[PDB]
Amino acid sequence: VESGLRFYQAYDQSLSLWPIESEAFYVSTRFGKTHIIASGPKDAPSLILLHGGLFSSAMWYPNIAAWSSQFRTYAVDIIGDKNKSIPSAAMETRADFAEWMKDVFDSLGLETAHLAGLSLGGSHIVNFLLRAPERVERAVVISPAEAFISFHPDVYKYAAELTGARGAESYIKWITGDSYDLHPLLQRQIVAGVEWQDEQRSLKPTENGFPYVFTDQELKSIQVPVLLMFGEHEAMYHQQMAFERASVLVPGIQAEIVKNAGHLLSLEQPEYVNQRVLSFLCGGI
């Protein structure tokens, strides 16, 4: 609608921050046309990027130049969230999420890929590497939306109030923390995203979907290299407990808690995150 136009306009603004050339297009999936922003050398290994809830692929601007030197990066807009992907059938269960991603891989012509993701996209990645390990090279999970530990009860109050601008600002103020401000373009886009009343693109809890805490049983079964990163100031849960749990259960995991950052780790400490991910991704033998 009218709000939808304002959101699409804000998204296009945010994309002026993209530091390199890229190709935007849609791929077909059984859950709808999924928006991709692709960058980097066309013969380089594949890297799928999954944004946090409400942020869209635009949030990768301070990481994309570093990662697209050595990888063909595909920044994927999670279908059913506020972004350019266009939902058909609602994506509802954790099985659906992995099927959606298989279709994305398929439409992109990819047998395997590296994946890196924040928050919601981080939780997609854990779900994907569990259900489709054969399609995953190396996996990077940053500030995951649950997955390793339960949210603070608070999280649901903030989520429930995402019904207009006031709610979005309140969410942003809380999630960023007192030490970090979003770039004004991203601030605007996220607010306009929430203002846009579109239920098909509104994130909501579903029966056998997200949010989800993976069981000891599931986590012990992980068979791919995982890099797990939390910020010391993570507002959404006790990152120490998530760290301890992941470290104990996941075979060969590299897990860490980064100083002077909260939830939005790839945005707050891009210099560190950029290189840490490059180092991990090129760590395969």
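Residue positions are given as counts along the sequence shown, with the first one as 1.
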**Asked** Comparing 269-277 with 18-26, where is the mean C-alpha B-factor higher?
**Response** 18-26
**Message:** Tell me which stretch, 36-44 or 54-62, has the higher mean Cα B-factor listed in the entry.
**Reply:** 36-44
**Asked** Taking the Cα B-factors listed in the entry, which of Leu118, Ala98, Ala160, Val104 comes out highest?
**Response** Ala160
**Item:** Selection from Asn127, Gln197, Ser85, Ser88 [criterion: highest C-alpha temperature factor in the record]
**Value:** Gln197
**Message:** Ranking the modelled residues of this chain by C-alpha B-factor as given in the entry, is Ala10 in the lowest, middle or highest third?
**Reply:** highest
**Request:** Consider only the C-alpha atoms of the modelled residues in this chain, order them by B-factor as the entry records it, and name the third containing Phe214: lowest, middle or highest.
**Result:** lowest
**Asked** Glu232's Cα B-factor: lowest, middle or highest third of the chain?
**Response** middle
**Message:** Lowest, middle or highest third: which one holds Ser143 when the chain's residues are ordered by CA B-factor from the entry?
**Reply:** lowest
**Message:** What third of the chain does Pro153 rank in for C-alpha temperature factor, lowest, middle or highest?
**Reply:** highest
